[PDB]
$ cat query.cif   # mmCIF, C-alpha atoms
data_start
#
loop_
_atom_site.label_atom_id
_atom_site.label_comp_id
_atom_site.auth_asym_id
_atom_site.auth_seq_id
_atom_site.Cartn_x
_atom_site.Cartn_y
_atom_site.Cartn_z
CA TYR A 34 190.44 6.28 96.88
CA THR A 35 189.88 3.03 94.88
CA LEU A 36 188.20 -0.26 95.93
CA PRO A 37 189.02 -3.94 96.32
CA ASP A 38 186.80 -5.92 93.92
CA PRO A 39 184.42 -8.22 95.85
CA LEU A 40 184.45 -10.59 92.83
CA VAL A 41 188.23 -10.97 92.59
CA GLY A 42 189.57 -13.54 95.00
CA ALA A 43 192.46 -12.79 97.32
CA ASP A 44 194.64 -14.76 94.89
CA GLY A 45 193.69 -12.74 91.81
CA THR A 46 191.27 -15.22 90.22
CA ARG A 47 187.84 -13.87 89.45
CA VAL A 48 184.61 -15.21 90.98
CA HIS A 49 182.17 -16.08 88.16
CA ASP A 50 179.65 -18.23 90.11
CA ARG A 51 177.52 -18.45 93.25
CA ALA A 52 179.19 -21.61 94.59
CA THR A 53 182.65 -20.02 94.50
CA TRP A 54 181.18 -16.91 96.12
CA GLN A 55 179.48 -18.90 98.88
CA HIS A 56 182.18 -21.53 99.45
CA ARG A 57 185.42 -19.61 98.85
CA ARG A 58 185.14 -15.84 98.61
CA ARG A 59 182.65 -15.33 101.43
CA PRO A 60 184.82 -17.01 104.13
CA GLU A 61 187.84 -15.12 102.71
CA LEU A 62 185.98 -11.85 103.32
CA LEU A 63 184.53 -12.80 106.71
CA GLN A 64 188.05 -13.59 107.95
CA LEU A 65 189.42 -10.23 106.81
CA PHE A 66 186.56 -8.40 108.53
CA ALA A 67 186.97 -10.44 111.71
CA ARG A 68 190.73 -10.00 111.91
CA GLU A 69 191.10 -6.40 110.74
CA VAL A 70 187.82 -4.65 111.54
CA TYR A 71 185.40 -6.08 114.09
CA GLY A 72 187.54 -8.75 115.73
CA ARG A 73 186.89 -12.45 115.82
CA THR A 74 183.60 -13.81 117.13
CA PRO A 75 185.15 -16.56 119.28
CA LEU A 76 182.19 -18.99 119.09
CA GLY A 77 178.67 -18.99 117.76
CA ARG A 78 175.88 -20.59 119.74
CA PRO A 79 177.33 -21.43 123.19
CA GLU A 80 176.43 -24.80 124.68
CA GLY A 81 173.73 -24.74 127.29
CA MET A 82 171.75 -21.70 126.26
CA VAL A 83 168.68 -21.51 128.48
CA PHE A 84 165.48 -19.63 127.59
CA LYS A 85 163.20 -18.52 130.44
CA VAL A 86 159.88 -16.78 129.75
CA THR A 87 159.52 -14.43 132.73
CA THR A 88 156.29 -12.66 131.67
CA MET A 89 153.53 -13.48 129.22
CA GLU A 90 150.62 -11.08 128.50
CA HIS A 91 148.14 -12.01 125.77
CA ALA A 92 146.33 -8.68 125.57
CA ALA A 93 149.16 -6.17 125.50
CA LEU A 94 148.78 -2.85 123.68
CA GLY A 95 145.02 -2.87 124.20
CA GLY A 96 144.70 -6.34 122.72
CA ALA A 97 146.78 -5.78 119.62
CA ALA A 98 149.63 -8.01 120.73
CA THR A 99 150.93 -10.75 122.94
CA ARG A 100 153.93 -9.50 124.92
CA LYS A 101 156.70 -11.84 126.06
CA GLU A 102 159.77 -11.09 128.18
CA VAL A 103 162.44 -13.78 127.86
CA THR A 104 165.68 -14.13 129.74
CA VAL A 105 168.18 -15.67 127.30
CA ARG A 106 171.05 -17.15 129.36
CA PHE A 107 174.29 -18.03 127.64
CA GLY A 108 175.08 -21.11 129.72
CA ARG A 109 173.28 -23.47 132.01
CA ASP A 110 174.68 -22.44 135.35
CA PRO A 111 172.29 -19.84 136.85
CA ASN A 112 175.46 -17.70 137.12
CA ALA A 113 176.03 -17.35 133.41
CA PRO A 114 175.46 -13.92 131.82
CA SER A 115 172.08 -13.23 130.21
CA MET A 116 170.17 -10.76 128.05
CA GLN A 117 166.53 -9.75 128.44
CA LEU A 118 164.55 -10.12 125.18
CA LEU A 119 161.28 -8.22 124.65
CA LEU A 120 158.81 -9.47 122.05
CA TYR A 121 155.50 -8.16 120.78
CA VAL A 122 153.58 -10.52 118.48
CA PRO A 123 150.53 -9.36 116.46
CA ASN A 124 147.47 -11.17 117.82
CA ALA A 125 145.71 -10.98 114.44
CA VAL A 126 148.37 -13.37 113.15
CA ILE A 127 148.36 -15.58 116.29
CA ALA A 128 144.58 -15.81 116.20
CA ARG A 129 144.75 -17.31 112.72
CA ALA A 130 147.14 -19.94 114.11
CA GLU A 131 149.92 -18.57 111.89
CA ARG A 132 153.52 -17.85 112.84
CA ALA A 133 154.48 -14.19 112.54
CA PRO A 134 157.58 -12.94 110.66
CA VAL A 135 159.74 -10.81 112.94
CA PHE A 136 161.67 -7.53 112.96
CA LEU A 137 164.63 -7.90 115.32
CA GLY A 138 166.88 -5.06 116.47
CA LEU A 139 168.82 -3.83 119.43
CA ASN A 140 167.81 -0.75 121.35
CA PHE A 141 170.01 2.06 122.62
CA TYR A 142 168.76 2.72 126.15
CA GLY A 143 166.76 -0.29 127.36
CA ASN A 144 163.67 -2.36 126.57
CA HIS A 145 161.55 -0.05 128.72
CA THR A 146 162.36 2.81 126.33
CA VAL A 147 161.00 1.37 123.08
CA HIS A 148 157.36 1.76 124.15
CA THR A 149 155.54 3.40 127.04
CA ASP A 150 154.01 0.05 128.04
CA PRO A 151 154.38 0.26 131.85
CA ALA A 152 154.63 -3.57 132.06
CA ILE A 153 158.08 -3.80 130.44
CA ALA A 154 160.82 -4.56 132.96
CA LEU A 155 163.10 -1.60 133.67
CA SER A 156 166.63 -2.57 132.72
CA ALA A 157 168.82 -3.25 135.74
CA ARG A 158 171.97 -2.68 133.69
CA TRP A 159 174.10 0.40 133.33
CA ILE A 160 172.41 3.07 131.20
CA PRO A 161 174.47 5.76 129.41
CA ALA A 162 174.32 9.41 130.36
CA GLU A 163 172.95 10.22 126.89
CA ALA A 164 169.78 8.23 127.64
CA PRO A 165 166.74 10.46 128.22
CA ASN A 166 165.54 10.80 131.80
CA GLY A 167 168.09 8.65 133.56
CA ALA A 168 168.94 8.79 137.26
CA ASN A 169 172.60 7.93 137.87
CA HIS A 170 173.04 5.48 134.95
CA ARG A 171 170.04 3.59 136.40
CA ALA A 172 166.73 3.21 134.58
CA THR A 173 163.80 5.18 136.01
CA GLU A 174 160.06 5.14 135.40
CA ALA A 175 160.51 8.50 133.64
CA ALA A 176 162.56 6.83 130.89
CA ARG A 177 159.60 4.68 129.87
CA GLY A 178 158.81 5.18 126.21
CA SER A 179 161.75 7.57 125.96
CA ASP A 180 162.89 6.10 122.59
CA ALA A 181 159.47 5.19 121.20
CA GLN A 182 159.98 7.61 118.28
CA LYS A 183 162.39 5.08 116.70
CA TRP A 184 160.02 2.14 117.39
CA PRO A 185 156.63 2.32 115.68
CA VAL A 186 155.44 -0.83 117.42
CA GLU A 187 151.74 -0.57 116.66
CA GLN A 188 152.24 0.12 112.94
CA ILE A 189 154.69 -2.79 112.71
CA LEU A 190 152.23 -5.11 114.46
CA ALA A 191 149.36 -3.95 112.28
CA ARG A 192 151.35 -4.78 109.15
CA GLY A 193 151.62 -8.38 110.35
CA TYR A 194 155.09 -8.43 111.99
CA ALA A 195 156.37 -9.23 115.47
CA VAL A 196 158.79 -6.81 117.12
CA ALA A 197 161.68 -8.17 119.14
CA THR A 198 164.35 -6.16 120.89
CA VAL A 199 167.18 -6.40 123.41
CA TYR A 200 169.09 -3.55 125.11
CA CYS A 201 172.56 -3.48 123.54
CA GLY A 202 174.05 -2.83 127.00
CA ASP A 203 172.92 -6.27 128.19
CA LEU A 204 175.63 -7.53 125.84
CA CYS A 205 178.25 -4.79 126.15
CA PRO A 206 177.59 -1.52 127.97
CA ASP A 207 178.29 1.26 125.47
CA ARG A 208 181.09 2.90 127.43
CA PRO A 209 184.82 2.73 126.63
CA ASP A 210 185.37 0.21 129.45
CA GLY A 211 182.26 -1.86 128.72
CA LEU A 212 183.98 -4.96 127.42
CA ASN A 213 185.18 -5.84 130.96
CA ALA A 214 181.56 -6.23 132.09
CA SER A 215 180.35 -7.78 128.83
CA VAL A 216 179.85 -11.21 127.37
CA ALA A 217 183.34 -10.84 125.90
CA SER A 218 185.00 -11.12 129.32
CA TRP A 219 182.93 -14.04 130.58
CA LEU A 220 183.49 -15.88 127.31
CA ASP A 221 187.01 -14.85 126.23
CA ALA A 222 188.67 -16.27 129.35
CA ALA A 223 189.60 -12.95 130.92
CA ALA A 224 192.62 -14.51 132.68
CA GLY A 225 194.90 -12.02 131.06
CA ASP A 226 193.32 -8.61 130.66
CA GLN A 227 194.42 -6.66 127.61
CA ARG A 228 192.31 -8.11 124.80
CA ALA A 229 194.24 -9.51 121.87
CA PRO A 230 194.87 -7.42 118.75
CA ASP A 231 192.12 -9.37 116.93
CA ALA A 232 189.69 -9.72 119.83
CA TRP A 233 186.13 -8.61 119.22
CA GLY A 234 184.71 -5.30 120.43
CA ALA A 235 181.25 -4.01 121.18
CA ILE A 236 180.05 -4.33 117.60
CA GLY A 237 181.02 -8.00 117.47
CA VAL A 238 179.36 -8.59 120.84
CA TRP A 239 176.18 -6.72 119.85
CA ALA A 240 176.03 -8.71 116.63
CA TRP A 241 176.49 -12.03 118.46
CA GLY A 242 173.62 -11.07 120.75
CA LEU A 243 171.38 -10.63 117.72
CA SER A 244 172.22 -14.18 116.61
CA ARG A 245 171.44 -15.38 120.18
CA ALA A 246 168.04 -13.67 120.07
CA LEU A 247 167.38 -15.57 116.84
CA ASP A 248 168.32 -18.83 118.60
CA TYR A 249 165.48 -18.02 120.98
CA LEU A 250 163.03 -17.08 118.18
CA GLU A 251 163.61 -20.51 116.66
CA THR A 252 162.01 -22.00 119.81
CA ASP A 253 159.06 -19.60 120.03
CA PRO A 254 155.93 -21.19 118.49
CA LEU A 255 154.36 -17.79 117.79
CA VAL A 256 157.02 -16.70 115.27
CA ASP A 257 158.61 -18.00 112.07
CA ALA A 258 162.36 -17.79 112.76
CA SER A 259 163.00 -18.33 109.01
CA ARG A 260 161.54 -14.83 108.36
CA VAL A 261 163.45 -12.49 110.62
CA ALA A 262 164.55 -9.06 109.41
CA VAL A 263 167.52 -7.87 111.46
CA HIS A 264 167.78 -4.09 111.71
CA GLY A 265 169.47 -1.38 113.64
CA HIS A 266 170.07 2.34 113.71
CA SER A 267 173.49 3.98 113.58
CA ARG A 268 175.97 2.05 115.79
CA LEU A 269 173.37 -0.73 116.31
CA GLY A 270 173.05 -0.85 112.52
CA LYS A 271 176.73 -1.52 112.32
CA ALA A 272 175.92 -4.52 114.53
CA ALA A 273 172.88 -5.57 112.44
CA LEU A 274 175.04 -5.62 109.31
CA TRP A 275 177.80 -7.61 111.01
CA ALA A 276 175.19 -10.00 112.45
CA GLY A 277 173.49 -10.43 109.09
CA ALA A 278 176.78 -10.97 107.28
CA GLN A 279 178.04 -13.63 109.74
CA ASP A 280 174.74 -15.49 110.28
CA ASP A 281 172.95 -16.40 107.10
CA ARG A 282 169.81 -17.52 108.96
CA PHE A 283 168.74 -13.86 108.98
CA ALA A 284 166.17 -13.47 106.21
CA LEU A 285 166.56 -9.74 105.60
CA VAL A 286 169.04 -7.07 106.72
CA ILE A 287 168.33 -3.37 107.31
CA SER A 288 171.06 -0.78 107.90
CA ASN A 289 169.56 2.53 109.05
CA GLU A 290 172.20 5.28 108.82
CA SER A 291 174.93 3.06 110.07
CA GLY A 292 177.82 5.14 108.72
CA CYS A 293 181.45 4.49 109.52
CA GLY A 294 182.30 0.82 109.78
CA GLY A 295 178.71 0.22 108.84
CA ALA A 296 177.58 0.74 105.26
CA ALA A 297 179.77 3.73 104.47
CA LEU A 298 183.01 3.21 102.55
CA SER A 299 186.03 3.86 104.78
CA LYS A 300 188.40 4.58 101.87
CA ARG A 301 186.17 7.56 101.07
CA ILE A 302 187.49 10.18 103.52
CA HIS A 303 184.24 11.91 104.39
CA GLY A 304 182.50 12.64 107.63
CA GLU A 305 183.51 10.10 110.23
CA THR A 306 186.85 8.43 109.54
CA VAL A 307 188.52 5.34 110.94
CA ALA A 308 190.80 7.42 113.14
CA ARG A 309 187.89 9.39 114.55
CA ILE A 310 185.63 6.42 115.30
CA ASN A 311 188.39 4.48 117.04
CA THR A 312 189.59 7.46 119.07
CA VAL A 313 186.11 8.27 120.39
CA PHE A 314 184.92 4.63 120.63
CA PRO A 315 188.03 2.48 121.27
CA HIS A 316 185.93 -0.46 122.37
CA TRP A 317 183.74 -0.77 119.26
CA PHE A 318 186.18 -2.45 116.86
CA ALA A 319 189.17 -4.74 117.12
CA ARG A 320 192.37 -3.11 118.31
CA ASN A 321 193.63 -4.14 114.84
CA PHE A 322 191.28 -1.62 113.23
CA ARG A 323 193.39 1.22 114.72
CA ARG A 324 196.14 0.18 112.33
CA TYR A 325 194.04 1.94 109.66
CA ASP A 326 193.70 5.25 111.54
CA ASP A 327 194.64 7.85 108.89
CA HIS A 328 195.61 4.90 106.66
CA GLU A 329 192.33 3.76 105.11
CA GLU A 330 194.16 3.16 101.83
CA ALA A 331 195.74 0.05 103.38
CA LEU A 332 192.45 -1.54 104.47
CA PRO A 333 192.19 -4.89 102.62
CA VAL A 334 188.39 -4.64 102.51
CA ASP A 335 185.85 -1.91 102.43
CA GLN A 336 182.28 -1.86 103.61
CA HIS A 337 180.83 -2.66 100.16
CA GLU A 338 182.16 -6.17 100.85
CA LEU A 339 180.31 -6.37 104.15
CA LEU A 340 177.15 -5.48 102.24
CA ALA A 341 178.01 -8.08 99.56
CA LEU A 342 178.21 -10.66 102.37
CA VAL A 343 174.43 -10.39 102.86
CA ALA A 344 173.77 -11.56 99.30
CA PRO A 345 171.53 -13.02 98.08
CA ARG A 346 169.42 -12.17 101.06
CA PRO A 347 167.59 -8.84 100.74
CA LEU A 348 169.48 -5.84 102.10
CA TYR A 349 168.29 -2.31 102.76
CA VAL A 350 170.77 0.54 103.34
CA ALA A 351 169.34 3.97 104.08
CA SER A 352 170.69 7.43 104.85
CA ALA A 353 169.51 10.76 106.24
CA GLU A 354 170.13 13.80 104.03
CA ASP A 355 171.63 15.95 106.78
CA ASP A 356 173.65 13.14 108.43
CA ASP A 357 176.98 13.98 106.82
CA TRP A 358 178.90 12.23 109.59
CA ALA A 359 177.58 8.88 108.24
CA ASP A 360 178.51 9.91 104.71
CA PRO A 361 175.25 9.12 102.85
CA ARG A 362 177.05 9.29 99.51
CA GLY A 363 179.52 6.71 100.79
CA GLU A 364 176.68 4.53 102.05
CA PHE A 365 175.09 4.78 98.63
CA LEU A 366 178.40 4.05 96.89
CA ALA A 367 178.97 1.01 99.08
CA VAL A 368 175.63 -0.27 97.80
CA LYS A 369 176.61 0.32 94.16
CA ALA A 370 179.98 -1.40 94.69
CA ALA A 371 178.21 -4.41 96.23
CA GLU A 372 175.59 -4.56 93.46
CA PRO A 373 177.75 -6.83 91.24
CA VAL A 374 177.56 -9.53 93.89
CA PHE A 375 173.79 -9.20 94.23
CA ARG A 376 173.55 -9.30 90.43
CA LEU A 377 175.47 -12.57 90.48
CA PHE A 378 172.47 -13.95 92.41
CA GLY A 379 170.02 -12.32 89.99
CA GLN A 380 169.02 -9.52 92.35
CA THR A 381 168.96 -5.85 91.32
CA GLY A 382 170.48 -2.84 93.04
CA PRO A 383 169.72 0.88 92.76
CA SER A 384 169.13 2.43 89.35
CA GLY A 385 171.35 5.34 88.47
CA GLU A 386 174.93 6.17 89.26
CA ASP A 387 174.60 8.37 92.31
CA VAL A 388 172.33 9.34 95.15
CA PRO A 389 168.60 9.18 94.34
CA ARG A 390 166.43 12.13 95.28
CA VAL A 391 164.99 12.14 98.76
CA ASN A 392 162.13 9.73 99.61
CA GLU A 393 162.46 7.89 96.29
CA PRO A 394 163.87 4.46 97.18
CA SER A 395 165.61 2.50 94.47
CA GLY A 396 166.59 -1.11 93.91
CA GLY A 397 164.98 -4.51 94.11
CA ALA A 398 166.27 -6.83 96.79
CA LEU A 399 169.26 -4.50 97.25
CA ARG A 400 167.62 -1.19 98.09
CA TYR A 401 168.64 2.31 99.14
CA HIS A 402 166.78 5.44 100.15
CA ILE A 403 167.85 8.80 101.53
CA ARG A 404 165.30 10.88 103.44
CA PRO A 405 165.12 14.52 104.53
CA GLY A 406 166.47 15.65 107.87
CA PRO A 407 169.04 14.63 110.47
CA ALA A 408 170.03 11.22 111.82
CA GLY A 409 167.26 9.11 113.28
CA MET A 410 164.81 6.37 112.35
CA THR A 411 161.61 8.05 111.19
CA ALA A 412 158.12 6.90 110.32
CA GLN A 413 159.25 7.35 106.71
CA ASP A 414 162.22 5.00 107.07
CA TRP A 415 159.97 2.38 108.65
CA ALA A 416 157.31 2.75 105.99
CA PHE A 417 159.87 1.92 103.32
CA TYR A 418 161.21 -0.94 105.42
CA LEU A 419 157.74 -2.48 105.87
CA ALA A 420 157.06 -2.25 102.13
CA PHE A 421 160.46 -3.83 101.52
CA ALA A 422 159.70 -6.62 103.95
CA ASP A 423 156.33 -7.19 102.26
CA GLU A 424 158.05 -7.61 98.93
CA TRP A 425 161.24 -9.53 99.83
CA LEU A 426 160.97 -11.24 103.24
CA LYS A 427 160.87 -14.89 102.21
CA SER A 428 157.21 -16.08 102.20
CA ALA A 429 155.64 -18.70 104.45
CA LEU A 430 155.58 -20.90 101.33
CA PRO A 431 158.07 -22.27 98.73
#
$ encode --input "query.cif" --output "structure tokens"
Amino acid sequence: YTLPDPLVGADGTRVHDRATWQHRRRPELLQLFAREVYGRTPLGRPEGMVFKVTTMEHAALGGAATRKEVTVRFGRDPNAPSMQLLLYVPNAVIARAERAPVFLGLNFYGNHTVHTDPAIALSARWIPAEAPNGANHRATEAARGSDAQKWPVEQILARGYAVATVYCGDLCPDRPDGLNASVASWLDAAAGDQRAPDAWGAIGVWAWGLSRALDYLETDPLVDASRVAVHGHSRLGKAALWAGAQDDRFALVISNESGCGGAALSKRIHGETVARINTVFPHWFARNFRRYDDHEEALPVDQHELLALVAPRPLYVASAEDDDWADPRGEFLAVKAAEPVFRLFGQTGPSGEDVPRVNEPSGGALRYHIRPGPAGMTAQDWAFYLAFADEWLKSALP
């Protein structure tokens, strides 16, 4: 392989300065990613978003948090599509009359799965067969807390951070035909049916939902919507990256083992490849992305440039040692190839020229770690993330 330079403009002239990066090269790159990889986000904030707090409990989790459930509707007519946002806020922070920074991320199988809390509404949306304890693609009481191992709510709250989450399937059910029951179809004027070659897929729709959750957080007096870390795991980390790259309101971006079309270089043929991801998940990317099946050498961008699009906001990319499918070396190498952009903004990336040893993170505002074991999002990943947030999540001061 060999990589496009993020700091050489499409026209061959080199980017020496942050204004050229922000004003010229960044929109160049966003347009290549939209057209060739994820598909075009057709609009940002839709007019007439309505926010409806459906439940409010001030002594959730034994008194550690205030719990809010918020229907976020994407237009004013009661018949517009919506997503259900779940939010825990640490009462220690609220009690001081201070607004909490926030970790925001989508979940794989429903809000009711991220914690056992019996008060969380059971999703009414389609649930995939892979979800633990489902009954006919329908949430059951038995699925409560079924994904809590990826969601250390109480430790996050105790470290001073709110936790917000939405089920990705509220935005686009993760099934090959999900875009026809998604926000894409309501919003992309589904008069014709076949989506256009550059129409967005699930990843673009998941990412847009993250930006819509932030629109809500900006209205919530308990949180500081200027200090939101957007995160996700695996395919939802592909979305967190794309959301963080497109929407520079996000204070901090975390990619947990996001792999192919996430943080891993595509031009590095290793583990999952473009052809394989599109064949198995035809609805994740633009149809245009299939042009690069077995032809990654013709991609005009690579994922290091998606990572560079977060700069100068703090970015964390992390791998699992045994998760070859995500190509941890290629995730690490993406980070190194984006470093020159972060260095333009005076940030520092990982020390050393290839993969650090396990559980030894590296880098300043651009940071990487690889941890032992298979794919997942462990207590060890989260401990590094919380330390990272402590260090680099914009303060509540100048």
$ resolve_selection --input "query.cif" --expression "the PyMOL selection byres ((chain A and resi 259) around 8)" --output "PyMOL selection string"
chain A and resi 134+251+257-258+260-261+282-284+427
$ resolve_selection --input "query.cif" --expression "the PyMOL selection byres ((chain A and resi 301) around 9)" --output "VMD selection string"
chain A and resid 34 to 35 297 to 300 302 to 303 306 329 360 363
$ atom_distance --input "query.cif" --atom1 "CA of residue 364 in chain A" --atom2 "CA of residue 382 in chain A"
13.2 Å
$ resolve_selection --input "query.cif" --expression "the PyMOL selection byres ((chain A and resi 395) around 12)" --output "PyMOL selection string"
chain A and resi 348-351+365+368-369+381-394+396-403+417+421
$ write_last_selection --input "query.cif" --atoms "C-alpha atoms" --output "PDB file, in the frame of the given file"
ATOM      1  CA  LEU A 348     169.480  -5.840 102.100  1.00  0.00           C
ATOM      2  CA  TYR A 349     168.290  -2.310 102.760  1.00  0.00           C
ATOM      3  CA  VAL A 350     170.770   0.540 103.340  1.00  0.00           C
ATOM      4  CA  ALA A 351     169.340   3.970 104.080  1.00  0.00           C
ATOM      5  CA  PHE A 365     175.090   4.780  98.630  1.00  0.00           C
ATOM      6  CA  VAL A 368     175.630  -0.270  97.800  1.00  0.00           C
ATOM      7  CA  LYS A 369     176.610   0.320  94.160  1.00  0.00           C
ATOM      8  CA  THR A 381     168.960  -5.850  91.320  1.00  0.00           C
ATOM      9  CA  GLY A 382     170.480  -2.840  93.040  1.00  0.00           C
ATOM     10  CA  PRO A 383     169.720   0.880  92.760  1.00  0.00           C
ATOM     11  CA  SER A 384     169.130   2.430  89.350  1.00  0.00           C
ATOM     12  CA  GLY A 385     171.350   5.340  88.470  1.00  0.00           C
ATOM     13  CA  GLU A 386     174.930   6.170  89.260  1.00  0.00           C
ATOM     14  CA  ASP A 387     174.600   8.370  92.310  1.00  0.00           C
ATOM     15  CA  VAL A 388     172.330   9.340  95.150  1.00  0.00           C
ATOM     16  CA  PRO A 389     168.600   9.180  94.340  1.00  0.00           C
ATOM     17  CA  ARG A 390     166.430  12.130  95.280  1.00  0.00           C
ATOM     18  CA  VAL A 391     164.990  12.140  98.760  1.00  0.00           C
ATOM     19  CA  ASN A 392     162.130   9.730  99.610  1.00  0.00           C
ATOM     20  CA  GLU A 393     162.460   7.890  96.290  1.00  0.00           C
ATOM     21  CA  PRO A 394     163.870   4.460  97.180  1.00  0.00           C
ATOM     22  CA  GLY A 396     166.590  -1.110  93.910  1.00  0.00           C
ATOM     23  CA  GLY A 397     164.980  -4.510  94.110  1.00  0.00           C
ATOM     24  CA  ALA A 398     166.270  -6.830  96.790  1.00  0.00           C
ATOM     25  CA  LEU A 399     169.260  -4.500  97.250  1.00  0.00           C
ATOM     26  CA  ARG A 400     167.620  -1.190  98.090  1.00  0.00           C
ATOM     27  CA  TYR A 401     168.640   2.310  99.140  1.00  0.00           C
ATOM     28  CA  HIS A 402     166.780   5.440 100.150  1.00  0.00           C
ATOM     29  CA  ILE A 403     167.850   8.800 101.530  1.00  0.00           C
ATOM     30  CA  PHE A 417     159.870   1.920 103.320  1.00  0.00           C
ATOM     31  CA  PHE A 421     160.460  -3.830 101.520  1.00  0.00           C
TER      32      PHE A 421
END
$ residues_around --input "query.cif" --residues "range 38-45 of chain A" --least-positions-apart "5" --cutoff "10 Å" --atoms "all atoms listed in the file" --output "ChimeraX atom specification"
/A:50,53-54,57-59,61-62,333-335,337-339,341-342,370-374,377
$ closest_residue --input "query.cif" --among "A:81, A:405, A:294, A:143" --to "residue 332 in chain A" --atoms "only C-alpha atoms"
A:294
$ residues_around --input "query.cif" --residues "residue 229 in chain A" --least-positions-apart "3" --cutoff "9 Å" --atoms "all atoms listed in the file" --output "list in words"
residues 226, 232, 233, 319, 320 and 321 of chain A
$ write_last_selection --input "query.cif" --atoms "C-alpha atoms" --output "mmCIF file, keeping the file's coordinate frame"
data_model
loop_
_atom_site.group_PDB
_atom_site.id
_atom_site.type_symbol
_atom_site.label_atom_id
_atom_site.label_comp_id
_atom_site.auth_asym_id
_atom_site.auth_seq_id
_atom_site.Cartn_x
_atom_site.Cartn_y
_atom_site.Cartn_z
ATOM 1 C CA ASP A 226 193.320 -8.610 130.660
ATOM 2 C CA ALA A 232 189.690 -9.720 119.830
ATOM 3 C CA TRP A 233 186.130 -8.610 119.220
ATOM 4 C CA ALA A 319 189.170 -4.740 117.120
ATOM 5 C CA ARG A 320 192.370 -3.110 118.310
ATOM 6 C CA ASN A 321 193.630 -4.140 114.840
#
$ closest_residue --input "query.cif" --among "A:411, A:244, A:88, A:179" --to "residue 352 in chain A" --atoms "all atoms listed in the file"
A:411
$ closest_residue --input "query.cif" --among "A:161, A:379, A:60, A:315" --to "residue 234 in chain A" --atoms "only C-alpha atoms"
A:315
$ closest_residue --input "query.cif" --among "A:308, A:293, A:133, A:191" --to "residue 357 in chain A" --atoms "all atoms listed in the file"
A:293
$ closest_atom_pairs --input "query.cif" --of "range 229-342 of chain A" --to "range 115-132 of chain A" --cutoff "8 Å" --atoms "all atoms listed in the file" --output "Markdown table"
| residue | atom | partner | partner_atom | distance |
| --- | --- | --- | --- | --- |
| A:246 | CA | A:118 | CA | 7.1 |
| A:254 | CA | A:132 | CA | 7.0 |
| A:255 | CA | A:132 | CA | 5.0 |
| A:256 | CA | A:132 | CA | 4.4 |
| A:257 | CA | A:132 | CA | 5.2 |
$ write_last_selection --input "query.cif" --atoms "C-alpha atoms" --output "tab-separated table (two decimals), in the frame of the given file"
chain	number	residue	atom	x	y	z
A	246	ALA	CA	168.04	-13.67	120.07
A	254	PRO	CA	155.93	-21.19	118.49
A	255	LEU	CA	154.36	-17.79	117.79
A	256	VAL	CA	157.02	-16.70	115.27
A	257	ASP	CA	158.61	-18.00	112.07
$ atom_distance --input "query.cif" --atom1 "CA of residue 75 in chain A" --atom2 "CA of residue 217 in chain A"
8.9 Å
$ closest_residue --input "query.cif" --among "A:63, A:296, A:36, A:278" --to "residue 346 in chain A" --atoms "all atoms listed in the file"
A:278
$ closest_residue --input "query.cif" --among "A:356, A:135, A:362, A:230" --to "residue 426 in chain A" --atoms "only C-alpha atoms"
A:135
$ residues_near_point --input "query.cif" --point "(189.3, -11.9, 116.2)" --cutoff "6 Å" --atoms "only C-alpha atoms" --output "list in words"
residues 67, 68, 72, 73, 231, 232 and 233 of chain A
$ atom_distance --input "query.cif" --atom1 "CA of residue 243 in chain A" --atom2 "CA of residue 205 in chain A"
12.3 Å
$ axis_aligned_box --input "query.cif" --around "range 87-99 of chain A" --padding-each-side "3 Å" --output "lines of an AutoDock Vina configuration file"
center_x = 152.1
center_y = -8.6
center_z = 126.2
size_x = 20.8
size_y = 17.6
size_z = 19.1
$ residues_near_point --input "query.cif" --point "(153.3, 1.1, 120.5)" --cutoff "12 Å" --atoms "all atoms listed in the file" --output "PyMOL selection string"
chain A and resi 93-98+100+121-123+145-151+177-191+195-196
$ residues_around --input "query.cif" --residues "range 267-275 of chain A" --least-positions-apart "5" --cutoff "6 Å" --atoms "only C-alpha atoms" --output "list in words"
residues 236, 239, 240, 288, 289, 290, 291 and 295 of chain A
$ write_last_selection --input "query.cif" --atoms "C-alpha atoms" --output "mmCIF file, in the frame of the given file"
data_model
loop_
_atom_site.group_PDB
_atom_site.id
_atom_site.type_symbol
_atom_site.label_atom_id
_atom_site.label_comp_id
_atom_site.auth_asym_id
_atom_site.auth_seq_id
_atom_site.Cartn_x
_atom_site.Cartn_y
_atom_site.Cartn_z
ATOM 1 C CA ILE A 236 180.050 -4.330 117.600
ATOM 2 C CA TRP A 239 176.180 -6.720 119.850
ATOM 3 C CA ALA A 240 176.030 -8.710 116.630
ATOM 4 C CA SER A 288 171.060 -0.780 107.900
ATOM 5 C CA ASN A 289 169.560 2.530 109.050
ATOM 6 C CA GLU A 290 172.200 5.280 108.820
ATOM 7 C CA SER A 291 174.930 3.060 110.070
ATOM 8 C CA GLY A 295 178.710 0.220 108.840
#
